[PDB]
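The chain that follows stands alone, in the form deposited in one PDB entry, written as structure tokens.
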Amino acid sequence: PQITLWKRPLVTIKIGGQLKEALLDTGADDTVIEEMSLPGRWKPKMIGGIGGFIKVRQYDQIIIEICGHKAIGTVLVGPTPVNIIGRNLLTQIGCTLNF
């Protein structure tokens, strides 16, 4: 699709069998999703703030579908108020900015 930016680019994603709303965020390096169950092993990570602010779980190789487009990569799972699809995943779905 082509998402215009008059509104926030919130889209439906599918992750862990669950449908969620997520922000397509070109300013974000990585992808953080709200607290949920995923089947992997994970690694504890700290993100945000000045050297880490919130504990998140880093799940590698996660299949996620973003508007019908499948991608796999690292998803951080934590108390984020906003599900954020960062560039790590935007590149996997072949997402570009265009004007």
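Between two forms, the rigid core is the largest collection of C-alphas that superpose within 1.5 Å. Residues that one form lacks are left out of the comparison. In this text, residue numbers run from 1 along the sequence as written.
What comes next is about the form deposited in another entry, which is not displayed.
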Is there a C-alpha shift of 2 Å or more at residue 36 between this form and the one not shown once the rigid core is superposed? no
So with the core overlaid, does the Cα of residue 54 end up 2 Å or more away between this form and the one not shown? yes
After a core superposition, would you say residue 45 shifts its C-alpha by at least 2 Å between this form and the one not shown? yes
Any idea whether residue 91 and residue 49 get closer or farther by CA distance in the other entry, knowing it moves 3 angstroms or more? closer
Compare the CA separation of residue 50 and residue 84 in the other entry with the one in the displayed structure, and answer closer or farther (the difference is at least 3 Å). closer
Superposing on the rigid core, where do three or more consecutive Cα atoms all move 2 Å or more between this form and the one not shown? 44 to 55
